[PDB]
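Okay, structure first, notes after.
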There are 6 protein chains.
Amino acid sequence: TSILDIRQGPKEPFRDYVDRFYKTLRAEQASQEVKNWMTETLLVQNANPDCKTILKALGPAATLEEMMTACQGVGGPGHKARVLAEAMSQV
Amino acid sequence: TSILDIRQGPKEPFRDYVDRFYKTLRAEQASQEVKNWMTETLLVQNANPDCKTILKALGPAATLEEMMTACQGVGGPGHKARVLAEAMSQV
Amino acid sequence: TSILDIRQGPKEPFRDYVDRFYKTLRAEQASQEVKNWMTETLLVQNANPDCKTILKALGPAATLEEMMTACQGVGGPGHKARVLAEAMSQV
Amino acid sequence: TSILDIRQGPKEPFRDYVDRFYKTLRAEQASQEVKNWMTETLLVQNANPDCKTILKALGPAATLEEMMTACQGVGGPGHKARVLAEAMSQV
Amino acid sequence: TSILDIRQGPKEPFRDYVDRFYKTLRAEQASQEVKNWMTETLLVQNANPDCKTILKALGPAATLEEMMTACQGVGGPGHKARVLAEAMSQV
Amino acid sequence: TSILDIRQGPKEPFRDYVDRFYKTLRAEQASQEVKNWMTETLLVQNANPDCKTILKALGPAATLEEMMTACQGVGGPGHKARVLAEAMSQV
Ligand SMILES: O=P(O)(O)O[C@H]1[C@H](OP(=O)(O)O)[C@@H](OP(=O)(O)O)[C@H](OP(=O)(O)O)[C@@H](OP(=O)(O)O)[C@H]1OP(=O)(O)O
């Protein structure tokens, strides 16, 4: 069980993914700075596309609470209705 | 396990979220007034968007039974059909 | 675990909700008449909107078998298709 | 646990419902003829609407294998697509 | 637990159904030729309609790997979208 | 439990499928080169159609991280909305 393998499922909510991410990070053989850099790269690098869109919309300099607050709607009725409406609109 | 971390899932019903909220609140090192203020801030602050819409519609001075009664339809067939209909209508 | 807290989930079928309702009612400190009045008030008062619509359509003087028979379709394919069709029709 | 209480869930497949029906019937205090009559009344009487439609379409003199074969499509993609198409068509 | 009772659920994937089919077949009191004939009759006879369509499309002289390969898409997004599109098209 | 039997479910995410694939591969009686060839044939050969489309789009010379990164969106809201939009568009 390594940190590079923690990938977000297509239907897994973002909070469970980040929970598994830090849980695996606490059990990884690496220094503190390396764990911080992994937090700044792999946590967003290994997300699902539906959340990588919103996380890419927040841009850099976004805190963890802002990311989780911005992605906790993915999956819910409003987000699915909006995504389907945009898909039918553009196609 | 802290109180600031209890966040509502995108598909979790509101009643389970408030149940976990008070369950974690009973096991938090804080005075009574602090627990009341946390109840008045974090419970609505850390909800999912689909319920934050209705809770924002009820406005302040709304009791817990009014919130739970107003949000227990989120997820059900009628709410999903209405949200999808509005999404197709505006887009 | 009190009787006032038994609320129907947005996706829970009506039969499971009434099962939990009577199960909790048998373990509540109240007289027989009080349990009957609770059966006549809270069981319909604390239902989800999708079932409160049909239970409101049956009106008073409706037996338990009539309620459960009228609400056991909520969630199924026909009910979801009809609700979505009405939502698209009115919007 | 009585036989009159075995009701089909809105999303439960017909085979699980009839399995619970006969399982409860084997543990009911009634004679053989009474169990046969219960099989001929309650098994179809206490089904969900989506299956009561097809079972009503088969009419009487239909065997158990014909009922289960006719209702094992309820829930699947084809049945949901057809029901939704008819709902959008009539509304 | 007999072999005639193993029926595919409306939402069960074909691989789980055939797994239960052979698992029950190994524990059935019948000769080898009888088990082969049961494999050639009941495995396709007792499938759900959504898979009986594709298995009927493959025709006879189709191997097990061809059946499972042809039916492993039932349920997935592409198959549901195609079935719904055809349902809306014909209705 | 053989390696030829590990097939991806219609709703199983790709990461769970490849996890079971390597887990079963580590417990298979075969040399290293044979396990590598099995990795280069069966892992893509025995996928579901929704992922075989994207894996066929990546073409050969694609690494495992590229495959998993390209298929982790299958199932999510965006992929389902896009597939449904294309299905309604072509039909
Ligand atoms: O009433 P159901 O037949 O069980 O329909 C559900 C429902 O889909 P729809 O509301 O779009 O019909 C779920 O949607 P949610 O609101 O839970 O999001 C969806 O789950 P996904 O969100 O993952 O799409 C799930 O689909 P799946 O089979 O892929 O789990 C699908 O169930 P059926 O596909 O069995 O209809």
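Here, A, B, ... name the chains of the structure tokens in the order displayed, residue numbers run from 1 inside each chain, and ligands are numbered from 1 in the same displayed order.
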
Using every C-alpha atom paired in order, could you least-squares fit chain F onto chain C and give me the moved chain as an mmCIF file with N, CA and C atoms, in the first residue's frame?
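Writing done, so here's out_9.cif:
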data_model
loop_
_atom_site.group_PDB
_atom_site.id
_atom_site.type_symbol
_atom_site.label_atom_id
_atom_site.label_comp_id
_atom_site.auth_asym_id
_atom_site.auth_seq_id
_atom_site.Cartn_x
_atom_site.Cartn_y
_atom_site.Cartn_z
ATOM 1 N N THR F 1 -33.229 6.886 22.079
ATOM 2 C CA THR F 1 -34.119 6.526 20.982
ATOM 3 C C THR F 1 -35.578 6.771 21.357
ATOM 4 N N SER F 2 -36.131 7.876 20.866
ATOM 5 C CA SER F 2 -37.506 8.266 21.138
ATOM 6 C C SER F 2 -38.366 8.072 19.895
ATOM 7 N N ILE F 3 -39.678 8.219 20.086
ATOM 8 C CA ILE F 3 -40.612 8.023 18.985
ATOM 9 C C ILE F 3 -40.693 9.269 18.105
ATOM 10 N N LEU F 4 -40.465 10.454 18.675
ATOM 11 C CA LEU F 4 -40.499 11.689 17.900
ATOM 12 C C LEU F 4 -39.368 11.790 16.886
ATOM 13 N N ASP F 5 -38.337 10.953 16.997
ATOM 14 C CA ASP F 5 -37.170 11.046 16.131
ATOM 15 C C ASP F 5 -37.243 10.130 14.915
ATOM 16 N N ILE F 6 -38.178 9.182 14.885
ATOM 17 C CA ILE F 6 -38.298 8.254 13.765
ATOM 18 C C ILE F 6 -38.833 8.994 12.547
ATOM 19 N N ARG F 7 -37.941 9.342 11.624
ATOM 20 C CA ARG F 7 -38.298 10.037 10.395
ATOM 21 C C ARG F 7 -37.967 9.162 9.195
ATOM 22 N N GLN F 8 -38.821 9.224 8.176
ATOM 23 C CA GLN F 8 -38.622 8.438 6.967
ATOM 24 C C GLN F 8 -37.532 9.063 6.108
ATOM 25 N N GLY F 9 -36.620 8.229 5.618
ATOM 26 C CA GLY F 9 -35.582 8.681 4.724
ATOM 27 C C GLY F 9 -36.136 9.033 3.358
ATOM 28 N N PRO F 10 -35.404 9.858 2.607
ATOM 29 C CA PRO F 10 -35.880 10.231 1.266
ATOM 30 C C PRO F 10 -35.971 9.057 0.307
ATOM 31 N N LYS F 11 -35.182 8.005 0.518
ATOM 32 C CA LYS F 11 -35.208 6.827 -0.337
ATOM 33 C C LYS F 11 -35.678 5.574 0.387
ATOM 34 N N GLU F 12 -35.957 5.662 1.678
ATOM 35 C CA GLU F 12 -36.421 4.498 2.421
ATOM 36 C C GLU F 12 -37.856 4.170 2.026
ATOM 37 N N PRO F 13 -38.172 2.911 1.733
ATOM 38 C CA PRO F 13 -39.562 2.549 1.441
ATOM 39 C C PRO F 13 -40.443 2.702 2.671
ATOM 40 N N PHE F 14 -41.741 2.874 2.413
ATOM 41 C CA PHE F 14 -42.683 3.160 3.492
ATOM 42 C C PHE F 14 -42.786 2.004 4.480
ATOM 43 N N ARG F 15 -42.654 0.762 4.003
ATOM 44 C CA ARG F 15 -42.817 -0.388 4.889
ATOM 45 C C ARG F 15 -41.705 -0.450 5.930
ATOM 46 N N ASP F 16 -40.467 -0.154 5.530
ATOM 47 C CA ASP F 16 -39.375 -0.126 6.497
ATOM 48 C C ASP F 16 -39.576 0.993 7.510
ATOM 49 N N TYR F 17 -40.094 2.134 7.053
ATOM 50 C CA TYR F 17 -40.338 3.257 7.950
ATOM 51 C C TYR F 17 -41.406 2.921 8.982
ATOM 52 N N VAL F 18 -42.510 2.305 8.555
ATOM 53 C CA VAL F 18 -43.548 1.958 9.520
ATOM 54 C C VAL F 18 -43.080 0.822 10.425
ATOM 55 N N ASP F 19 -42.233 -0.074 9.911
ATOM 56 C CA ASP F 19 -41.667 -1.125 10.752
ATOM 57 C C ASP F 19 -40.820 -0.530 11.870
ATOM 58 N N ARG F 20 -39.929 0.407 11.529
ATOM 59 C CA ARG F 20 -39.155 1.085 12.564
ATOM 60 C C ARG F 20 -40.053 1.900 13.483
ATOM 61 N N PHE F 21 -41.160 2.424 12.953
ATOM 62 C CA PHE F 21 -42.060 3.239 13.760
ATOM 63 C C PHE F 21 -42.718 2.409 14.855
ATOM 64 N N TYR F 22 -43.289 1.256 14.491
ATOM 65 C CA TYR F 22 -43.902 0.402 15.503
ATOM 66 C C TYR F 22 -42.858 -0.258 16.395
ATOM 67 N N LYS F 23 -41.691 -0.594 15.840
ATOM 68 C CA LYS F 23 -40.625 -1.166 16.656
ATOM 69 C C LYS F 23 -40.190 -0.198 17.749
ATOM 70 N N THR F 24 -40.030 1.081 17.403
ATOM 71 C CA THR F 24 -39.700 2.080 18.414
ATOM 72 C C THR F 24 -40.886 2.362 19.328
ATOM 73 N N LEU F 25 -42.110 2.255 18.804
ATOM 74 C CA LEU F 25 -43.291 2.529 19.616
ATOM 75 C C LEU F 25 -43.465 1.484 20.713
ATOM 76 N N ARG F 26 -43.120 0.225 20.427
ATOM 77 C CA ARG F 26 -43.212 -0.812 21.448
ATOM 78 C C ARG F 26 -42.216 -0.600 22.581
ATOM 79 N N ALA F 27 -41.167 0.192 22.360
ATOM 80 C CA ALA F 27 -40.148 0.455 23.369
ATOM 81 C C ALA F 27 -40.196 1.897 23.870
ATOM 82 N N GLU F 28 -41.387 2.485 23.921
ATOM 83 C CA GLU F 28 -41.574 3.852 24.387
ATOM 84 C C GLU F 28 -42.414 3.849 25.656
ATOM 85 N N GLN F 29 -42.037 4.699 26.609
ATOM 86 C CA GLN F 29 -42.724 4.781 27.897
ATOM 87 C C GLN F 29 -43.957 5.661 27.735
ATOM 88 N N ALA F 30 -45.076 5.032 27.383
ATOM 89 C CA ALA F 30 -46.337 5.737 27.207
ATOM 90 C C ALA F 30 -47.476 4.737 27.330
ATOM 91 N N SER F 31 -48.648 5.249 27.699
ATOM 92 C CA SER F 31 -49.822 4.403 27.852
ATOM 93 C C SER F 31 -50.330 3.955 26.481
ATOM 94 N N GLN F 32 -51.346 3.091 26.497
ATOM 95 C CA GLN F 32 -51.880 2.548 25.252
ATOM 96 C C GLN F 32 -52.543 3.634 24.413
ATOM 97 N N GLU F 33 -53.378 4.467 25.041
ATOM 98 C CA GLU F 33 -54.053 5.532 24.305
ATOM 99 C C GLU F 33 -53.053 6.517 23.714
ATOM 100 N N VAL F 34 -51.986 6.820 24.456
ATOM 101 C CA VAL F 34 -50.960 7.725 23.949
ATOM 102 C C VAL F 34 -50.248 7.110 22.750
ATOM 103 N N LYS F 35 -49.992 5.800 22.794
ATOM 104 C CA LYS F 35 -49.371 5.140 21.650
ATOM 105 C C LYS F 35 -50.300 5.138 20.442
ATOM 106 N N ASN F 36 -51.610 5.008 20.674
ATOM 107 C CA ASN F 36 -52.564 5.081 19.570
ATOM 108 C C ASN F 36 -52.590 6.474 18.951
ATOM 109 N N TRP F 37 -52.589 7.515 19.788
ATOM 110 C CA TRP F 37 -52.578 8.882 19.274
ATOM 111 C C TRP F 37 -51.288 9.175 18.512
ATOM 112 N N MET F 38 -50.153 8.705 19.036
ATOM 113 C CA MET F 38 -48.891 8.823 18.310
ATOM 114 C C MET F 38 -48.964 8.110 16.966
ATOM 115 N N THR F 39 -49.600 6.936 16.931
ATOM 116 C CA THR F 39 -49.804 6.244 15.663
ATOM 117 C C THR F 39 -50.659 7.069 14.710
ATOM 118 N N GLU F 40 -51.628 7.815 15.240
ATOM 119 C CA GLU F 40 -52.520 8.601 14.400
ATOM 120 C C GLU F 40 -51.956 9.966 14.026
ATOM 121 N N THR F 41 -50.819 10.375 14.593
ATOM 122 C CA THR F 41 -50.242 11.680 14.278
ATOM 123 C C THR F 41 -48.846 11.574 13.676
ATOM 124 N N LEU F 42 -47.898 10.961 14.386
ATOM 125 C CA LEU F 42 -46.501 11.003 13.973
ATOM 126 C C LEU F 42 -46.207 10.120 12.767
ATOM 127 N N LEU F 43 -46.966 9.036 12.578
ATOM 128 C CA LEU F 43 -46.659 8.104 11.495
ATOM 129 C C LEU F 43 -46.796 8.772 10.133
ATOM 130 N N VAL F 44 -47.772 9.667 9.985
ATOM 131 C CA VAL F 44 -47.977 10.381 8.731
ATOM 132 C C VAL F 44 -47.265 11.726 8.802
ATOM 133 N N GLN F 45 -47.167 12.288 10.011
ATOM 134 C CA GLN F 45 -46.511 13.582 10.169
ATOM 135 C C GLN F 45 -45.041 13.514 9.769
ATOM 136 N N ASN F 46 -44.368 12.406 10.087
ATOM 137 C CA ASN F 46 -42.930 12.270 9.889
ATOM 138 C C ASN F 46 -42.578 11.409 8.679
ATOM 139 N N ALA F 47 -43.362 11.485 7.611
ATOM 140 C CA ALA F 47 -43.049 10.780 6.378
ATOM 141 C C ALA F 47 -42.343 11.718 5.404
ATOM 142 N N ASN F 48 -41.761 11.132 4.362
ATOM 143 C CA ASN F 48 -41.106 11.925 3.336
ATOM 144 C C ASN F 48 -42.148 12.532 2.402
ATOM 145 N N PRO F 49 -41.803 13.618 1.701
ATOM 146 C CA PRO F 49 -42.810 14.289 0.859
ATOM 147 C C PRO F 49 -43.425 13.392 -0.200
ATOM 148 N N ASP F 50 -42.620 12.530 -0.831
ATOM 149 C CA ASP F 50 -43.133 11.676 -1.899
ATOM 150 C C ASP F 50 -44.251 10.765 -1.408
ATOM 151 N N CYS F 51 -44.189 10.329 -0.151
ATOM 152 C CA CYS F 51 -45.275 9.544 0.421
ATOM 153 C C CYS F 51 -46.330 10.406 1.098
ATOM 154 N N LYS F 52 -45.952 11.578 1.622
ATOM 155 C CA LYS F 52 -46.947 12.472 2.206
ATOM 156 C C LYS F 52 -47.934 12.964 1.158
ATOM 157 N N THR F 53 -47.520 13.004 -0.110
ATOM 158 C CA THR F 53 -48.450 13.355 -1.179
ATOM 159 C C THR F 53 -49.551 12.307 -1.316
ATOM 160 N N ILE F 54 -49.170 11.032 -1.424
ATOM 161 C CA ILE F 54 -50.158 9.972 -1.612
ATOM 162 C C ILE F 54 -50.999 9.790 -0.355
ATOM 163 N N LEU F 55 -50.362 9.837 0.819
ATOM 164 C CA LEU F 55 -51.110 9.720 2.066
ATOM 165 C C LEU F 55 -52.072 10.885 2.243
ATOM 166 N N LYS F 56 -51.693 12.077 1.774
ATOM 167 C CA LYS F 56 -52.628 13.196 1.763
ATOM 168 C C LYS F 56 -53.724 12.998 0.723
ATOM 169 N N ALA F 57 -53.449 12.220 -0.330
ATOM 170 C CA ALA F 57 -54.475 11.952 -1.332
ATOM 171 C C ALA F 57 -55.504 10.947 -0.830
ATOM 172 N N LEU F 58 -55.083 9.979 -0.010
ATOM 173 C CA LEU F 58 -56.032 9.023 0.552
ATOM 174 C C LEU F 58 -56.988 9.668 1.547
ATOM 175 N N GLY F 59 -56.616 10.803 2.131
ATOM 176 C CA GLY F 59 -57.453 11.468 3.100
ATOM 177 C C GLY F 59 -57.551 10.698 4.401
ATOM 178 N N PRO F 60 -58.332 11.222 5.349
ATOM 179 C CA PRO F 60 -58.540 10.503 6.614
ATOM 180 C C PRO F 60 -59.345 9.227 6.431
ATOM 181 N N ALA F 61 -59.541 8.486 7.525
ATOM 182 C CA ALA F 61 -60.319 7.246 7.531
ATOM 183 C C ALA F 61 -59.709 6.186 6.617
ATOM 184 N N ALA F 62 -58.401 6.275 6.393
ATOM 185 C CA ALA F 62 -57.667 5.303 5.596
ATOM 186 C C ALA F 62 -56.925 4.351 6.524
ATOM 187 N N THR F 63 -57.050 3.053 6.262
ATOM 188 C CA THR F 63 -56.410 2.055 7.100
ATOM 189 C C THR F 63 -54.927 1.932 6.753
ATOM 190 N N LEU F 64 -54.202 1.200 7.600
ATOM 191 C CA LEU F 64 -52.768 1.039 7.394
ATOM 192 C C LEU F 64 -52.475 0.251 6.123
ATOM 193 N N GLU F 65 -53.261 -0.796 5.853
ATOM 194 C CA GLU F 65 -53.051 -1.583 4.643
ATOM 195 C C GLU F 65 -53.314 -0.758 3.390
ATOM 196 N N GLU F 66 -54.250 0.192 3.461
ATOM 197 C CA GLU F 66 -54.502 1.067 2.320
ATOM 198 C C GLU F 66 -53.344 2.031 2.103
ATOM 199 N N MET F 67 -52.776 2.559 3.190
ATOM 200 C CA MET F 67 -51.627 3.452 3.072
ATOM 201 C C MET F 67 -50.427 2.721 2.486
ATOM 202 N N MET F 68 -50.068 1.579 3.078
ATOM 203 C CA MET F 68 -48.911 0.827 2.605
ATOM 204 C C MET F 68 -49.117 0.334 1.180
ATOM 205 N N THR F 69 -50.344 -0.073 0.844
ATOM 206 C CA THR F 69 -50.628 -0.491 -0.524
ATOM 207 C C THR F 69 -50.532 0.679 -1.496
ATOM 208 N N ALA F 70 -50.910 1.881 -1.060
ATOM 209 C CA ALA F 70 -50.859 3.045 -1.935
ATOM 210 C C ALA F 70 -49.458 3.624 -2.075
ATOM 211 N N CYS F 71 -48.563 3.359 -1.124
ATOM 212 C CA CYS F 71 -47.228 3.943 -1.132
ATOM 213 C C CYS F 71 -46.128 2.958 -1.502
ATOM 214 N N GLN F 72 -46.449 1.681 -1.717
ATOM 215 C CA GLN F 72 -45.397 0.722 -2.034
ATOM 216 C C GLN F 72 -44.871 0.870 -3.454
ATOM 217 N N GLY F 73 -45.471 1.736 -4.268
ATOM 218 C CA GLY F 73 -44.952 2.012 -5.592
ATOM 219 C C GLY F 73 -43.944 3.134 -5.664
ATOM 220 N N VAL F 74 -43.797 3.906 -4.588
ATOM 221 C CA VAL F 74 -42.881 5.042 -4.578
ATOM 222 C C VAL F 74 -41.449 4.532 -4.676
ATOM 223 N N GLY F 75 -40.735 4.974 -5.706
ATOM 224 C CA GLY F 75 -39.375 4.531 -5.929
ATOM 225 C C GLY F 75 -39.243 3.658 -7.158
ATOM 226 N N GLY F 76 -40.243 2.812 -7.400
ATOM 227 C CA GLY F 76 -40.238 1.912 -8.528
ATOM 228 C C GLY F 76 -40.185 2.631 -9.861
ATOM 229 N N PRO F 77 -39.994 1.868 -10.942
ATOM 230 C CA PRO F 77 -39.851 2.501 -12.266
ATOM 231 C C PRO F 77 -41.068 3.299 -12.702
ATOM 232 N N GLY F 78 -42.273 2.761 -12.506
ATOM 233 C CA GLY F 78 -43.465 3.464 -12.956
ATOM 234 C C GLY F 78 -43.664 4.794 -12.255
ATOM 235 N N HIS F 79 -43.467 4.819 -10.936
ATOM 236 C CA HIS F 79 -43.656 6.056 -10.185
ATOM 237 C C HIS F 79 -42.621 7.104 -10.571
ATOM 238 N N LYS F 80 -41.359 6.694 -10.735
ATOM 239 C CA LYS F 80 -40.323 7.642 -11.135
ATOM 240 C C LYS F 80 -40.585 8.185 -12.534
ATOM 241 N N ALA F 81 -40.989 7.314 -13.461
ATOM 242 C CA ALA F 81 -41.290 7.770 -14.813
ATOM 243 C C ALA F 81 -42.463 8.742 -14.817
ATOM 244 N N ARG F 82 -43.506 8.446 -14.038
ATOM 245 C CA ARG F 82 -44.661 9.337 -13.987
ATOM 246 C C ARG F 82 -44.298 10.683 -13.370
ATOM 247 N N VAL F 83 -43.545 10.670 -12.266
ATOM 248 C CA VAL F 83 -43.165 11.919 -11.610
ATOM 249 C C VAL F 83 -42.287 12.761 -12.526
ATOM 250 N N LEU F 84 -41.325 12.128 -13.202
ATOM 251 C CA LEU F 84 -40.477 12.869 -14.131
ATOM 252 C C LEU F 84 -41.287 13.423 -15.295
ATOM 253 N N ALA F 85 -42.241 12.639 -15.804
ATOM 254 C CA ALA F 85 -43.080 13.111 -16.901
ATOM 255 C C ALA F 85 -43.906 14.321 -16.484
ATOM 256 N N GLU F 86 -44.463 14.293 -15.270
ATOM 257 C CA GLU F 86 -45.226 15.438 -14.784
ATOM 258 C C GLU F 86 -44.325 16.648 -14.562
ATOM 259 N N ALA F 87 -43.100 16.419 -14.083
ATOM 260 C CA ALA F 87 -42.170 17.520 -13.855
ATOM 261 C C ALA F 87 -41.780 18.191 -15.166
ATOM 262 N N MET F 88 -41.463 17.392 -16.188
ATOM 263 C CA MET F 88 -41.166 17.958 -17.500
ATOM 264 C C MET F 88 -42.394 18.615 -18.116
ATOM 265 N N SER F 89 -43.587 18.102 -17.810
ATOM 266 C CA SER F 89 -44.804 18.655 -18.395
ATOM 267 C C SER F 89 -45.117 20.032 -17.820
ATOM 268 N N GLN F 90 -45.053 20.172 -16.494
ATOM 269 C CA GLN F 90 -45.427 21.444 -15.880
ATOM 270 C C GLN F 90 -44.352 22.511 -16.050
ATOM 271 N N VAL F 91 -43.088 22.117 -16.164
ATOM 272 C CA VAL F 91 -42.000 23.080 -16.289
ATOM 273 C C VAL F 91 -41.731 23.392 -17.756
#

Among chain A, which ones does DSSP assign to helix (DSSP H, G or I) (computed from the backbone)? Answer as number ranges by chain. A: 14-25, 32-45, 49-58, 64-71, 77-90
